[PDB]
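Just below is one structure, and these are the notes that go with it.
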Amino acid sequence: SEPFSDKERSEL
Amino acid sequence: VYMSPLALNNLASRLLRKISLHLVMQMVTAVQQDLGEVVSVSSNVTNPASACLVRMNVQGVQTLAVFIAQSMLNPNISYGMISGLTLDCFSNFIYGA
C-alpha cells in the first residue's frame, strides 16, 4: 500500500 | 524533415505521442510524515524547511519527468521555460538545489 504506481502522460 | 514545417510538425507530433514513463513513488503523505520527523516541524512555526513540505505534489514529478524524457529524444522540437528565476533565487537553498 506504500507504493502507488503512475503511467505518465496521464490526463488524471 | 527540418526543411519543411509540416514535416517537422509531424515528427514532433509523433515523438510526443510515443513517450511513456512508468514511475513508482511513495505516498505523498508518508514522505511528509517522514521528513516531518527529520526536521522537527512545529505545527505553529513557519520556517523554510516546514513550508516546502507542502508544495510537494505528484503531478509535478509527472510533468517534470515527461519533459526530461522528450527533451532527450530530439533537441529541435521543443524548449522549456523555467519558472521563478528571481534575481537572488539561489539564496533559497531548496529552489537552488
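Note that each Cβ is placed from the backbone with ideal geometry, even for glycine, and that neighbours are counted across all protein chains shown. Every number in this text was worked out from the coordinates using simple rules, so none of it is lab data.
Most exposed first by the Cβ proxy, i.e. fewest other Cβ within 10 Å, how do B:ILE19, B:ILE94, B:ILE82 rank?
On the way: B:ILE19 15, B:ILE94 10, B:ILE82 6.
Sorted ascending by nearby Cβ count, the order is B:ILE82, B:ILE94, B:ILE19.
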**OP:** Provide the net charge surrounding B:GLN59, with neighbours chosen by a C-beta distance below 15 Å and charges set as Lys +1, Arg +1, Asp -1, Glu -1.
**Re:** 0
Original post:
For chain B, what ratio Rg/Rh do Cα atoms give with a Kirkwood hydrodynamic radius?
Top reply: 1.12
Subject >> Where trypsin sites (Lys or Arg not before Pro) fall in DSSP loop in region B:1-88, at most 16 other Cβ within 10 Å >> reply: B:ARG55
Original post:
If you count, for every residue in A:4-12, the Cβ atoms of partner chains within 10 Å of its Cβ, what is the mean?
Top reply: 6
Subject >> Linear extension gain, B:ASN57 paired with B:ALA97, 0.36 nm per residue minus alpha-carbon span >> reply: 12.7 nm
Subject >> Peptide B:26-39 - average C-beta neighbours from other chains (10 Å radius) >> reply: 1
**OP:** Name the most mobile residue of B:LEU15, B:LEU87, B:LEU64, meaning the one with the largest mean-square fluctuation, in a Gaussian network model of chain B with Cα contacts below 10 Å.
**Re:** B:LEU87
Original post:
What is the calculated FRET efficiency for B:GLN26 to B:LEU6, with r their C-beta to C-beta distance and R₀ = 41 Å, to the nearest 0.05?
Top reply: 0.40
**OP:** With only alpha-carbon atoms counted, please give the Rg and Dmax of the protein assembly as shown, in Å.
**Re:** 18.7, 60
